[PDB]
Amino acid sequence: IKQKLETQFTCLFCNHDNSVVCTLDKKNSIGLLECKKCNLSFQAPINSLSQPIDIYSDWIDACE
Amino acid sequence: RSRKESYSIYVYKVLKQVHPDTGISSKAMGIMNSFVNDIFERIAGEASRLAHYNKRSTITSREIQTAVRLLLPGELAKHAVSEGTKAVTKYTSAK
Amino acid sequence: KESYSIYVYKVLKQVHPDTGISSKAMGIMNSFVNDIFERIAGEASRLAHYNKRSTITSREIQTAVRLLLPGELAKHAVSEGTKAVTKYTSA
Amino acid sequence: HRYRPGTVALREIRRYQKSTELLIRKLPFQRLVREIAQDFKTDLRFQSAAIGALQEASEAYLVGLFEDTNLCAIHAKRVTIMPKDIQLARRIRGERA
Amino acid sequence: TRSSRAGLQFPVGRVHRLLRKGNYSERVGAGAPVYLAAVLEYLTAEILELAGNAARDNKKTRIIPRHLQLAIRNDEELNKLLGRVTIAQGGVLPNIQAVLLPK
Amino acid sequence: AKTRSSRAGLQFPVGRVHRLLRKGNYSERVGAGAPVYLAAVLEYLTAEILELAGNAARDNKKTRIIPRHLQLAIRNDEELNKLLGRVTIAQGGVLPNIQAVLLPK
Amino acid sequence: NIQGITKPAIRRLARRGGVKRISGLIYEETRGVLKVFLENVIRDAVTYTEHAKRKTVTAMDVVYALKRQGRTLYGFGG
Amino acid sequence: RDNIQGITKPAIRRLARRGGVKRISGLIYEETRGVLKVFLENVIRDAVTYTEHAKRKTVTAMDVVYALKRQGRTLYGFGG
DNA sequence: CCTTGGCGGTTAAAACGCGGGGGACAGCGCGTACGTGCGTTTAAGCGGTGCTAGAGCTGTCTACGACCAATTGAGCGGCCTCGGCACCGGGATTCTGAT
DNA sequence: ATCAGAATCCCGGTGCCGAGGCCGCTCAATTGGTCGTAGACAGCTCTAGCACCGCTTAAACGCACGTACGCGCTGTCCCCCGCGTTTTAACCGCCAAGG
Ligand SMILES: [Zn+2]
């Protein structure tokens with residue numbers, strides 16, 4: 001079953017903190033970051049061990 | 001609190017004129033407001049085209065008449081032109 | 001009462017530079033150009049009155065060109081418009 | 001026992017020409033529309049009244065297109081619809097080239 | 001109010017205002033909004049008169065929009081006017097091709 | 001560059017378009033970038049459709065574009081045909097639509 | 001996905017249309033044409049909301065997009 | 001008078017052939033005349049109304065252009 | 001012992017199912033409307049020619065319209081009532097088919 | 001035709017809820033007063049719309065005649081209607097890992 005989790009991460013674009021939601025679909029190995037404020041979305045591959053800090057880390061490197 | 005618009009009370013009175021013993025739903029009143037909006041918009045667009053195909057920028061009632069009998073079909077249109085013309089006479093005959 | 005004839009000649013020499021044209025072809029072209037201009041401009045005026053913005057900048061024109069033309073034409077047109085904005089803004 | 005075919009359909013045509021209530025119910029239609037818009041812009045919310053507007057316009061649209069398609073098939077010396085009938089009606093209206 | 005001075009029911013000056021803010025021309029005459037308001041007034045009179053007859057049919061007192069769509073779809077010139085028009089809670093003509101009626 | 005057309009490197013008169021907007025009763029005020037933007041869109045549309053015009057006229061060894069060429073080039077496009085769906089060209093005609101049920105087999 | 005459209009829904013669409021007898025491939029063809037319809041509609045609707053600089057599509061923009069396709073619908077403040 | 005009957009069957013034939021129509025039935029021609037007539041009725045009514053407000057007793061090409069744009073059957077070619 | 005993440009419920013449109021029956025599709029055979037030619041008749045088209053409403057085009061003076069301070073009460077936001085329909089069981093009736 | 005029986009219509013009934021009355025505000029319609037040029041109007045000029053005809057000729061009309069798609073019919077075969085049978089798209093309450 002999918003996991004819809006709220007986090008305390010800051011969006012890299014709109015800078016609103018505590019407004020990034022992480023949807024981890026392990027059945028298809030696809031993780032999804034969403035911003036509850038400005039509405040952006042970032043997708044990245046996840047394994048079985050990953051957690052909201054794993055894809056949020058991949059989002060920091062995808063920008064820089 | 002921003003003040004919003006409706007035409008509900010006006011056409012409401014007109015409905016009360018033509019049928020005193022008749023109620024109405026609120027959504028239908030909104031529908032009629034949208035109806036007035038649409039007819040007004042088509043008329044006004046024909047008025048702007050009247051202006052630009054006449055190279056003039058004044059609007060009188062004559063342009064409104066020719067706009068209505070451009071848009072609406074004949075018999076209905078001529079009755080409406082009659083109503084508007086008699087109203088023009090009754091108003092502008094007095095102040 | 002000006003038509004757009006030499007503008008068409010210069011576009012044509014920029015694209016197929018060994019190509020003639022008839023008179024009425026130019027007439028249909030200017031009919032076309034006027035139609036397109038009127039449709040976009042009226043749609044921009046709808047943007048203003050639907051959005052209560054008392055003037056129109058280029059952003060309204062971009063979104064109106066999106067609203068009229070479909071995808072590939074729209075994206076290439078947005079590209080050309082922003083490039084013109086860029087080169088005119090630089091000097 | 002068993003009823004003879006065609007009858008119940010026309011009886012519910014007479015029933016379904018009466019209530020103008022929405023035929024497709026809400027949640028799956030909403031999911032389909034959301035799965036569609038997402039393709040144009042991610043993280044997009046929808047005013048529920050706008051969703052009802054989409055629903056109304058879609059259902060009336062399809063009903064009228066069915067009416068023309070049905071009259072095409074009636075002209076086609078048949079009673080049952082075909083997909084080619086929808087193609088003919090759309091080719092008259094001009095959606096597809 | 002000029003509407004009362006025209007003996008009518010639609011507010012003139014609101015329409016005169018909306019003509020100004022519509023970029024409809026550069027200048028706006030005196031009695032053009034009176035004529036337009038009267039046009040609107042007779043239009044809605046005719047429409048809702050047929051709607052009142054539609055409520056007389058079903059013996060309903062409050063107007064439902066189904067009455068409105070029916071009265072649009074009955075009259076000729078009105079339906080040719082509002083051909084590209086649809087209404088939420090509209091429905092259509094109760095209509096059956098009798099070639100599909102059984103024998 | 002004195003002229004804004006040379007300042008845009010384009011081929012259309014911009015102040016023409018700005019006066020058209022002013023003598024349009026379109027908005028009350030008109031900014032500086034919108035007329036340039038719209039004129040650039042127009043210029044792209046001209047060049048884009050005249051490409052199909054050039055190939056369609058070159059299909060028949062004729063230096064001059066005829067209206068039949070323009071209608072052919074439109075109908076052979078997809079985006080322009082759905083653009084010009086309610087649109088008819090003078091001296092146009094339509095495409096060769098020979099149905100397969102018609103050829104002598 | 002698109003398969004959330006049930007068979008008796010399109011049947012009810014035939015019924016309010018008043019259509020009697022139904023074939024097979026009708027269903028998938030219906031879903032396809034409905035899809036393309038909603039595609040153009042919601043595309044220019046989100047274009048309106050893009051110009052709105054706001055994160056919710058208005059019902060107003062839906063109405064105006066219907067006007068832009070010549071599909072004028074009353075009822076919901078338009 | 002009777003210029004409605006000035007419509008010739010070979011003209012209808014030629015229109016069917018550029019229209020691509022192969023086989024022609026006989027009950028078609030007067031129906032065609034009636035549809036053409038109603039078309040031109042609405043057209044020239046609107047064009048003459050545009051010229052009524054023009055206060056000029058002669059109708060121009062531009063008038064007919066504007067009127068047919070009003071119907072949405074909009075035709076290019078002659079400017080307008 | 002008390003406060004979370006999962007782990008299992010009744011219900012109502014939704015998916016199978018069969019069988020068949022009535023409707024879709026190929027053939028059959030004619031046949032009578034209709035392509036095609038051919039000669040015969042016709043009107044349209046083209047080129048001049050008078051030719052004149054009348055549009056096309058130009059000064060001008062005005063009044064109606066653009067625009068500005070009071071004012072003000074109608075139009076508008078909020079509150080409050082009741083009878084108008086939404087559905088429910090009764091009961092009656094009318095389609096529909098097997099007879 | 002013809003009866004039995006499904007299907008629907010249609011009549012009190014009550015309930016509840018929003019349509020409509022209502023009422024106290026305030027901001028745009030109003031009222032009045034002051035510039036101003038757009039246009040209603042007078043009038044000038046030359047184009048073009050109209051009408052007409054003579055000559056040319058290609059285009060329509062009528063008919064002769066076969067003929068072949070349009071159609072009524074037929075048999076047939078199949079596959080949607082429909083009614084029945086589960087059945088799964090939506091939400092409601094004690095477990096046994098946490099803290
Ligand atoms: Zn963000």
# chains A, B, ... in the order shown; residues from 1 in each chain; ligands from 1
>>> residues_around(residues="residue 64 in chain E", least_positions_apart="5", cutoff="8 Å", atoms="only C-alpha atoms (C1' of nucleotides)", output="PyMOL selection string")
chain B and resi 24-25+28
>>> write_last_selection(atoms="C-alpha atoms", output="CSV table (one decimal), in the first residue's frame")
chain,number,residue,atom,x,y,z
B,24,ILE,CA,-38.9,30.5,-8.6
B,25,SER,CA,-35.7,28.6,-7.7
B,28,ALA,CA,-32.7,29.5,-12.2
>>> residues_near_ligand(ligand="ligand 1", cutoff="9 Å", atoms="only C-alpha atoms (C1' of nucleotides) and all ligand atoms", output="list in words")
residues 10, 11, 12, 13, 14, 15, 16, 19, 20, 34, 35, 36, 37, 38, 39, 40 and 41 of chain A
>>> write_last_selection(atoms="N, CA, C and O atoms", output="short mmCIF file (atom, residue, chain, number, x, y, z; two decimals), in the first residue's frame")
data_model
loop_
_atom_site.label_atom_id
_atom_site.label_comp_id
_atom_site.auth_asym_id
_atom_site.auth_seq_id
_atom_site.Cartn_x
_atom_site.Cartn_y
_atom_site.Cartn_z
N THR A 10 11.95 21.83 3.85
CA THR A 10 11.66 23.10 3.19
C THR A 10 11.71 22.90 1.68
O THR A 10 12.66 22.30 1.16
N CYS A 11 10.68 23.38 1.00
CA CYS A 11 10.67 23.34 -0.46
C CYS A 11 11.82 24.17 -1.02
O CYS A 11 12.05 25.31 -0.60
N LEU A 12 12.56 23.59 -1.97
CA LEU A 12 13.73 24.24 -2.53
C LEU A 12 13.39 25.46 -3.37
O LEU A 12 14.30 26.23 -3.70
N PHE A 13 12.12 25.65 -3.73
CA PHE A 13 11.71 26.75 -4.60
C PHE A 13 10.91 27.82 -3.86
O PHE A 13 11.33 28.98 -3.81
N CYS A 14 9.77 27.46 -3.26
CA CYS A 14 8.92 28.45 -2.61
C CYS A 14 9.36 28.79 -1.19
O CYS A 14 8.90 29.79 -0.64
N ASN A 15 10.22 27.96 -0.59
CA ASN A 15 10.84 28.16 0.72
C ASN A 15 9.88 27.99 1.89
O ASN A 15 10.28 28.21 3.04
N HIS A 16 8.63 27.58 1.65
CA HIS A 16 7.74 27.27 2.76
C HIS A 16 8.20 25.99 3.45
O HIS A 16 8.39 24.96 2.80
N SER A 19 5.89 21.90 4.43
CA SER A 19 4.88 21.87 3.39
C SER A 19 5.25 20.93 2.24
O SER A 19 4.71 21.08 1.13
N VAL A 20 6.16 19.99 2.46
CA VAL A 20 6.54 19.00 1.46
C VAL A 20 5.95 17.65 1.86
O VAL A 20 6.20 17.17 2.97
N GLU A 34 5.86 16.35 -3.19
CA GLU A 34 4.84 17.34 -3.54
C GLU A 34 4.92 18.50 -2.56
O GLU A 34 5.20 18.32 -1.37
N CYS A 35 4.65 19.71 -3.07
CA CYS A 35 4.62 20.91 -2.25
C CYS A 35 3.17 21.31 -2.02
O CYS A 35 2.43 21.57 -2.98
N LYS A 36 2.76 21.37 -0.75
CA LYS A 36 1.41 21.78 -0.40
C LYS A 36 1.17 23.27 -0.63
O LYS A 36 0.03 23.72 -0.50
N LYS A 37 2.21 24.04 -0.95
CA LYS A 37 2.09 25.48 -1.14
C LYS A 37 2.13 25.85 -2.62
O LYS A 37 1.07 26.08 -3.23
N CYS A 38 3.32 25.92 -3.22
CA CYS A 38 3.44 26.36 -4.61
C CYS A 38 3.06 25.29 -5.62
O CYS A 38 2.90 25.62 -6.80
N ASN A 39 2.91 24.04 -5.20
CA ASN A 39 2.33 23.01 -6.04
C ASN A 39 3.27 22.26 -6.96
O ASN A 39 2.79 21.55 -7.86
N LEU A 40 4.58 22.38 -6.77
CA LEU A 40 5.53 21.66 -7.61
C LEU A 40 5.55 20.17 -7.25
O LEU A 40 5.06 19.75 -6.20
N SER A 41 6.16 19.38 -8.14
CA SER A 41 6.26 17.94 -7.96
C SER A 41 7.62 17.47 -8.47
O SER A 41 8.10 17.94 -9.50
#
>>> residues_around(residues="range 68-76 of chain H", least_positions_apart="6", cutoff="9 Å", atoms="only C-alpha atoms (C1' of nucleotides)", output="tab-separated table (two decimals) with N, CA and C atoms, in the first residue's frame")
chain	number	residue	atom	x	y	z
B	46	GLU	N	-21.58	43.33	-31.16
B	46	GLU	CA	-22.09	43.82	-32.44
B	46	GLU	C	-22.05	45.33	-32.48
B	70	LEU	N	-30.09	42.68	-36.06
B	70	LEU	CA	-29.09	41.78	-36.63
B	70	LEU	C	-29.05	40.47	-35.88
B	71	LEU	N	-29.19	40.51	-34.55
B	71	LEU	CA	-28.97	39.27	-33.82
B	71	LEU	C	-30.23	38.44	-33.70
C	27	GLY	N	-4.17	39.18	-51.22
C	27	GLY	CA	-5.41	39.60	-50.60
C	27	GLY	C	-5.91	38.62	-49.56
C	28	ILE	N	-5.84	37.33	-49.88
C	28	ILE	CA	-6.27	36.30	-48.93
C	28	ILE	C	-5.33	36.27	-47.74
C	29	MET	N	-4.04	36.48	-47.98
C	29	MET	CA	-3.07	36.53	-46.90
C	29	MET	C	-3.37	37.68	-45.94
C	30	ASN	N	-3.73	38.84	-46.47
C	30	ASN	CA	-3.96	39.97	-45.57
C	30	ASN	C	-5.29	39.81	-44.85
C	31	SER	N	-6.26	39.16	-45.51
C	31	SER	CA	-7.49	38.75	-44.86
C	31	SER	C	-7.19	37.86	-43.67
C	32	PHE	N	-6.31	36.88	-43.90
C	32	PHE	CA	-5.86	35.96	-42.87
C	32	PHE	C	-5.21	36.70	-41.70
C	35	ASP	N	-7.71	38.68	-39.64
C	35	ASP	CA	-8.52	37.78	-38.83
C	35	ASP	C	-7.77	37.33	-37.58
F	86	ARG	N	-13.59	26.55	-39.52
F	86	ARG	CA	-14.73	27.33	-39.96
F	86	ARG	C	-14.38	28.26	-41.11
F	87	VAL	N	-13.23	28.07	-41.74
F	87	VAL	CA	-12.64	29.07	-42.62
F	87	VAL	C	-12.67	28.56	-44.05
F	88	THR	N	-12.96	29.46	-44.98
F	88	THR	CA	-13.02	29.13	-46.39
F	88	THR	C	-12.19	30.15	-47.14
F	89	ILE	N	-11.46	29.70	-48.13
F	89	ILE	CA	-10.64	30.55	-48.97
F	89	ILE	C	-11.38	30.78	-50.28
F	90	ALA	N	-11.34	32.02	-50.78
F	90	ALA	CA	-11.83	32.27	-52.12
F	90	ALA	C	-10.93	31.56	-53.13
H	43	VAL	N	-28.57	35.26	-45.48
H	43	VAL	CA	-27.38	36.01	-45.85
H	43	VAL	C	-27.73	37.43	-46.27
H	46	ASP	N	-29.21	39.80	-43.62
H	46	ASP	CA	-28.24	40.41	-42.71
H	46	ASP	C	-27.37	41.45	-43.42
H	47	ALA	N	-27.03	41.20	-44.68
H	47	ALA	CA	-26.20	42.15	-45.42
H	47	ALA	C	-26.94	43.45	-45.67
>>> interface_residues(of="chain I", to="chain B", cutoff="12 Å", atoms="only C-alpha atoms (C1' of nucleotides)", output="list in words")
residues 64, 65, 74, 75, 76, 77, 83, 84 and 85 of chain I
>>> write_last_selection(atoms="N, CA and C atoms (P, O5', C5', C4', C3', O3' and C1' of nucleotides)", output="compact mmCIF listing (two decimals), in the first residue's frame")
# COMPACT_ATOMS: atom_id res chain seq x y z
P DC I 64 -29.20 67.41 -27.53
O5' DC I 64 -28.66 65.91 -27.70
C5' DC I 64 -27.64 65.65 -28.63
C4' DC I 64 -26.32 65.35 -27.93
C3' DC I 64 -26.45 64.64 -26.58
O3' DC I 64 -25.50 63.60 -26.51
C1' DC I 64 -25.05 66.48 -26.38
P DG I 65 -25.73 62.34 -25.54
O5' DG I 65 -24.26 61.77 -25.32
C5' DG I 65 -23.24 62.12 -26.24
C4' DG I 65 -22.01 62.64 -25.51
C3' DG I 65 -21.76 62.04 -24.12
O3' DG I 65 -20.36 61.78 -23.96
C1' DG I 65 -21.68 64.34 -24.00
P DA I 74 -35.97 54.79 -2.48
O5' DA I 74 -35.63 53.83 -3.72
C5' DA I 74 -34.90 54.35 -4.84
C4' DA I 74 -33.62 53.56 -5.14
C3' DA I 74 -33.77 52.05 -5.28
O3' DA I 74 -32.81 51.59 -6.21
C1' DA I 74 -32.31 52.51 -3.50
P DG I 75 -32.98 50.17 -6.93
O5' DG I 75 -31.59 49.45 -6.67
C5' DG I 75 -30.65 50.07 -5.84
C4' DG I 75 -29.40 49.23 -5.69
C3' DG I 75 -29.57 47.75 -5.95
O3' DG I 75 -28.27 47.18 -6.16
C1' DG I 75 -29.52 48.19 -3.62
P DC I 76 -27.95 45.61 -5.96
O5' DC I 76 -27.51 45.52 -4.43
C5' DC I 76 -26.37 46.23 -3.99
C4' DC I 76 -25.90 45.79 -2.61
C3' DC I 76 -25.87 44.29 -2.36
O3' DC I 76 -24.76 43.98 -1.54
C1' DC I 76 -27.23 45.33 -0.76
P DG I 77 -24.23 42.47 -1.40
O5' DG I 77 -24.25 42.23 0.18
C5' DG I 77 -23.14 42.63 0.97
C4' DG I 77 -23.39 42.42 2.46
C3' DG I 77 -23.57 40.98 2.90
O3' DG I 77 -23.00 40.79 4.19
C1' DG I 77 -25.55 42.20 3.37
P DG I 83 -48.04 28.82 5.30
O5' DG I 83 -48.25 29.04 3.72
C5' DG I 83 -47.18 29.52 2.92
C4' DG I 83 -46.47 28.38 2.18
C3' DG I 83 -47.34 27.20 1.74
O3' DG I 83 -46.82 26.67 0.54
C1' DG I 83 -45.62 26.42 3.04
P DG I 84 -47.33 27.18 -0.90
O5' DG I 84 -46.02 27.01 -1.81
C5' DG I 84 -44.75 26.83 -1.17
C4' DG I 84 -43.75 26.10 -2.06
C3' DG I 84 -44.34 25.23 -3.13
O3' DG I 84 -43.30 24.88 -4.04
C1' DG I 84 -43.65 23.90 -1.31
P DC I 85 -43.52 23.82 -5.23
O5' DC I 85 -42.78 22.50 -4.71
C5' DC I 85 -41.73 21.95 -5.48
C4' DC I 85 -40.86 21.03 -4.65
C3' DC I 85 -40.99 19.56 -4.98
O3' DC I 85 -39.94 18.85 -4.37
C1' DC I 85 -41.84 19.86 -2.92
>>> closest_atom_pairs(of="chain I", to="chain H", cutoff="10 Å", atoms="only C-alpha atoms (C1' of nucleotides)", output="tab-separated table")
residue	atom	partner	partner_atom	distance
I:33	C1'	H:26	CA	8.6
I:34	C1'	H:25	CA	8.0
I:35	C1'	H:23	CA	9.0
I:53	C1'	H:57	CA	9.5
I:54	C1'	H:57	CA	8.1
I:55	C1'	H:56	CA	7.1
>>> interface_residues(of="chain J", to="chain G", cutoff="10 Å", atoms="only C-alpha atoms (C1' of nucleotides)", output="list in words")
residues 79, 80 and 81 of chain J
>>> write_last_selection(atoms="N, CA and C atoms (P, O5', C5', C4', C3', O3' and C1' of nucleotides)", output="tab-separated table (two decimals), in the first residue's frame")
chain	number	residue	atom	x	y	z
J	79	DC	P	-21.47	-12.66	-33.25
J	79	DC	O5'	-22.03	-11.19	-32.99
J	79	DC	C5'	-23.42	-10.96	-33.13
J	79	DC	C4'	-24.05	-10.68	-31.78
J	79	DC	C3'	-23.09	-10.68	-30.59
J	79	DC	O3'	-23.55	-9.77	-29.64
J	79	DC	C1'	-24.78	-12.20	-30.19
J	80	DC	P	-23.39	-8.18	-29.81
J	80	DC	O5'	-24.89	-7.66	-29.72
J	80	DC	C5'	-25.18	-6.59	-28.88
J	80	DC	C4'	-26.62	-6.60	-28.44
J	80	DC	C3'	-26.85	-6.04	-27.06
J	80	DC	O3'	-28.22	-5.92	-26.85
J	80	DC	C1'	-27.02	-8.32	-26.93
J	81	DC	P	-28.79	-4.85	-25.81
J	81	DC	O5'	-30.31	-5.25	-25.66
J	81	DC	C5'	-30.65	-6.60	-25.80
J	81	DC	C4'	-31.89	-6.93	-25.00
J	81	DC	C3'	-32.12	-6.11	-23.77
J	81	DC	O3'	-33.43	-6.40	-23.35
J	81	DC	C1'	-31.18	-8.21	-23.18
>>> closest_atom_pairs(of="chain B", to="chain C", cutoff="12 Å", atoms="only C-alpha atoms", output="JSON lines")
{"residue": "B:41", "atom": "CA", "partner": "C:46", "partner_atom": "CA", "distance": 11.2}
{"residue": "B:45", "atom": "CA", "partner": "C:42", "partner_atom": "CA", "distance": 10.0}
{"residue": "B:48", "atom": "CA", "partner": "C:42", "partner_atom": "CA", "distance": 11.1}
{"residue": "B:49", "atom": "CA", "partner": "C:38", "partner_atom": "CA", "distance": 11.2}
{"residue": "B:52", "atom": "CA", "partner": "C:38", "partner_atom": "CA", "distance": 11.9}
>>> write_last_selection(atoms="C-alpha atoms", output="PDB file, in the first residue's frame")
ATOM      1  CA  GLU B  41     -22.355  40.668 -24.505  1.00  0.00           C
ATOM      2  CA  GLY B  45     -19.841  43.059 -29.510  1.00  0.00           C
ATOM      3  CA  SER B  48     -18.278  47.527 -31.357  1.00  0.00           C
ATOM      4  CA  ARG B  49     -18.313  46.050 -34.826  1.00  0.00           C
ATOM      5  CA  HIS B  52     -15.520  49.897 -36.501  1.00  0.00           C
TER       6      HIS B  52
END
>>> residues_around(residues="residue 59 in chain H", least_positions_apart="5", cutoff="9 Å", atoms="only C-alpha atoms (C1' of nucleotides)", output="PyMOL selection string")
chain H and resi 47-48+50-51+54+64
>>> write_last_selection(atoms="N, CA and C atoms", output="mmCIF file, in the first residue's frame")
data_model
loop_
_atom_site.group_PDB
_atom_site.id
_atom_site.type_symbol
_atom_site.label_atom_id
_atom_site.label_comp_id
_atom_site.auth_asym_id
_atom_site.auth_seq_id
_atom_site.Cartn_x
_atom_site.Cartn_y
_atom_site.Cartn_z
ATOM 1 N N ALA H 47 -27.026 41.197 -44.682
ATOM 2 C CA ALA H 47 -26.196 42.147 -45.420
ATOM 3 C C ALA H 47 -26.939 43.446 -45.673
ATOM 4 N N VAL H 48 -28.210 43.338 -46.042
ATOM 5 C CA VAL H 48 -29.020 44.518 -46.250
ATOM 6 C C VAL H 48 -29.255 45.249 -44.940
ATOM 7 N N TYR H 50 -27.060 45.422 -42.368
ATOM 8 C CA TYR H 50 -25.799 46.160 -42.289
ATOM 9 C C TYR H 50 -25.772 47.365 -43.213
ATOM 10 N N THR H 51 -26.424 47.280 -44.356
ATOM 11 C CA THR H 51 -26.393 48.440 -45.225
ATOM 12 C C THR H 51 -27.482 49.446 -44.844
ATOM 13 N N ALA H 54 -25.921 51.568 -42.696
ATOM 14 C CA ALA H 54 -24.880 52.298 -43.410
ATOM 15 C C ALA H 54 -25.377 53.594 -44.031
ATOM 16 N N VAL H 64 -21.083 42.264 -47.060
ATOM 17 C CA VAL H 64 -21.387 40.846 -47.134
ATOM 18 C C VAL H 64 -20.340 40.051 -46.381
#
>>> closest_atom_pairs(of="chain G", to="chain E", cutoff="12 Å", atoms="only C-alpha atoms", output="CSV")
residue,atom,partner,partner_atom,distance
G:13,CA,E:91,CA,11.4
G:15,CA,E:96,CA,10.7
G:16,CA,E:91,CA,7.9
G:17,CA,E:92,CA,8.2
G:18,CA,E:96,CA,6.8
G:19,CA,E:96,CA,8.8
G:20,CA,E:100,CA,7.5
G:21,CA,E:100,CA,9.5
G:63,CA,E:86,CA,11.8
G:66,CA,E:85,CA,10.8
G:67,CA,E:84,CA,10.0
G:69,CA,E:84,CA,10.7
G:70,CA,E:84,CA,7.3
G:71,CA,E:84,CA,6.4
G:72,CA,E:85,CA,5.5
G:73,CA,E:86,CA,5.1
G:74,CA,E:87,CA,5.2
G:75,CA,E:88,CA,5.8
G:76,CA,E:88,CA,8.0
G:77,CA,E:88,CA,11.2
G:78,CA,E:87,CA,11.2
>>> interface_residues(of="chain G", to="chain A", cutoff="12 Å", atoms="only C-alpha atoms", output="ChimeraX atom specification")
/G:53-56
>>> write_last_selection(atoms="C-alpha atoms", output="compact mmCIF listing (two decimals), in the first residue's frame")
# COMPACT_ATOMS: atom_id res chain seq x y z
CA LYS G 53 -1.08 32.98 -11.24
CA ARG G 54 -3.16 30.96 -8.78
CA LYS G 55 -3.17 27.33 -7.80
CA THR G 56 -6.87 26.50 -8.20
>>> residues_around(residues="range 88-91 of chain B", least_positions_apart="5", cutoff="10 Å", atoms="only C-alpha atoms (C1' of nucleotides)", output="mmCIF file with C-alpha atoms, in the first residue's frame")
data_model
loop_
_atom_site.group_PDB
_atom_site.id
_atom_site.type_symbol
_atom_site.label_atom_id
_atom_site.label_comp_id
_atom_site.auth_asym_id
_atom_site.auth_seq_id
_atom_site.Cartn_x
_atom_site.Cartn_y
_atom_site.Cartn_z
ATOM 1 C CA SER B 61 -30.059 53.987 -29.716
ATOM 2 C CA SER B 82 -41.482 48.187 -30.825
ATOM 3 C CA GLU B 83 -41.181 47.945 -27.036
ATOM 4 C CA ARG E 2 -34.165 57.279 -15.171
ATOM 5 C CA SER E 3 -35.780 53.824 -15.344
ATOM 6 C CA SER E 4 -38.798 55.114 -13.469
ATOM 7 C CA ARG E 5 -38.528 58.227 -15.622
ATOM 8 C CA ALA E 6 -38.624 55.840 -18.567
ATOM 9 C CA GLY E 7 -41.343 53.861 -16.776
ATOM 10 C CA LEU E 8 -39.376 50.633 -17.001
ATOM 11 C CA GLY E 31 -30.724 57.050 -24.280
ATOM 12 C CA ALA E 32 -28.972 54.039 -25.795
ATOM 13 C CA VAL E 34 -32.704 52.867 -22.101
ATOM 14 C CA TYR E 35 -33.279 51.158 -25.442
ATOM 15 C CA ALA E 38 -36.103 47.747 -22.713
#
>>> interface_residues(of="chain B", to="chain H", cutoff="12 Å", atoms="only C-alpha atoms", output="list in words")
residues 42, 43, 45, 46, 47, 49, 50, 51, 52, 53, 54, 55, 56, 60, 61, 62, 63, 64, 65, 66, 67, 68, 69, 70, 71, 72, 73 and 74 of chain B
>>> select_by_dssp(residues="chain G", states="alpha helix (DSSP H)", output="ChimeraX atom specification")
/G:7-17,26-52,59-68
>>> atom_distance(atom1="CA of residue 66 in chain F", atom2="CA of residue 44 in chain F")
21.2 Å
>>> closest_residue(among="C:5, C:45, C:14, C:23", to="chain E", atoms="only C-alpha atoms")
C:45
